[PDB]
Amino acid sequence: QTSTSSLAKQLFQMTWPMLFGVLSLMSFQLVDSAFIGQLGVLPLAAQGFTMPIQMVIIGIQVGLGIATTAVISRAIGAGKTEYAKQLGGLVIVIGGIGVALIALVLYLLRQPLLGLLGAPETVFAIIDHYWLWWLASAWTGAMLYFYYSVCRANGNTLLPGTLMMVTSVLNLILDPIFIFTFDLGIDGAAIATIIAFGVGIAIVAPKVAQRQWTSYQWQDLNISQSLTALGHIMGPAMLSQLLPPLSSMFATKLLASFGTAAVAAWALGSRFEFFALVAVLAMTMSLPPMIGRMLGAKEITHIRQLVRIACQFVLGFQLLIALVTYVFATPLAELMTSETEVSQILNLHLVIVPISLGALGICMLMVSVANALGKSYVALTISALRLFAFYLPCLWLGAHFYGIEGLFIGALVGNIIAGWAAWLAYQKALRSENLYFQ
């Protein structure tokens, strides 16, 4: 029982820096959106049309981060020291060139892409110069993230977690100076981001090199083989990032039919969901390196134990959050908005949906665990099933027969089913191959 206690403490020490990292990140972003809020209609419009192109970049860099963590940590577990740090170098190079190529073709095709999003010709004037700075910030952010993924792959979350706090604070300070004091406005925010993330890169890269987590001596490295190993995870993992945008697209049409207040209430409700699941989110970045390394070292008992420990925390922690939210739903809703029509609908959301976030957290957990074990297609299946088999059909059924209140019930049912299904798929995956013999 000291092993279970030891595994629990290891997971805690790995996870809390990622919690603080994400929290520090969201603290900047909330205040950052407030700064852009004073720019005007056209700048904010320009910003709004930049969100979808951002999701694509984020989906891509996360997909590579997931592949990086799974393949490198497993290599370390198997005692492949040279190969693991060669992979670290390869990932940096792949991400560097890949994102640069992506950024180039996106700016090249800005007019058609904007056209397809129904962007008015007026926005084009601002995007012509804003995307130059912004795509540059996206590349710098992606690279910092790739360094973070190499750290995590080598079992270190403290350094990326700490630097996320540093860059968040630094970006917060630089934000009003470039936006207002230098009157760069919309460009100023991107410039503040480049410098912040740039400082992060300047700090983490020599540390990664000093610890020999990256190498550029690839004389004995099978590049085609390594790319195949990375690609096997990254492909399906990228697809999984593509699904939640579809989730919002189906959901938007459903919600809009219930009025502007229902739409506004759902936005606040989703925001609350995100915060309520921030600990689970942190765990999806801390747990996979532990799992991957253990798989490489054939610590299969510990894998099963650690996952169950993780599931126990998620179920328990989200139950408490749901209870607290349930008790204080009315004053919470009225604190989040002063529009009564919105707060009344939000009040309903806060007593129905949060109790299902434990099950949703399990689904999130199982996806990250599947990827960590190199079962990327099982991970994609769980994500796809959650979306198109469970969540969206239940949303549509509830909305159809019972309006906005029925839709909330649908989200509850959908999340619970999805979590149960995810756990079953994980169990079937373990039975599919004896992990002792790969």
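Start at 1 and count along the sequence shown; that's the residue number.
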- [ ] Pick between 228-236 and 115-123: the one whose mean CA B-factor in the entry is higher.
- [x] 115-123
Task: Higher-B stretch (mean Cα B-factor, as the entry records it), 75-83 or 165-173 - done: 165-173
TODO: Select one of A251, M364, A329, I194: the residue whose C-alpha shows the highest B-factor in the crystal structure entry.
DONE: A251
Open item on the list: Using only the C-alpha B-factors in the record, can you name which of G292, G155, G95, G188 has the highest?
Closed with: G188
Open item on the list: Per the entry's values, where does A370 land by CA temperature factor relative to the rest of its chain, in the lowest, middle or highest third?
Closed with: lowest
TODO: Among all modelled residues of this chain, ranked by Cα B factor, put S24 in the bottom, middle or top third, i.e. lowest, middle or highest.
DONE: highest
Task: Chain-relative CA temperature factor third for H349 - done: lowest
Open item on the list: Taking only the Cα B-factors deposited for this chain, tell me whether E273 sits in the lowest, middle or highest third.
Closed with: middle
Open item on the list: For the chain shown, is the CA B-factor of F49 in the lowest, middle or highest third of its modelled residues?
Closed with: highest
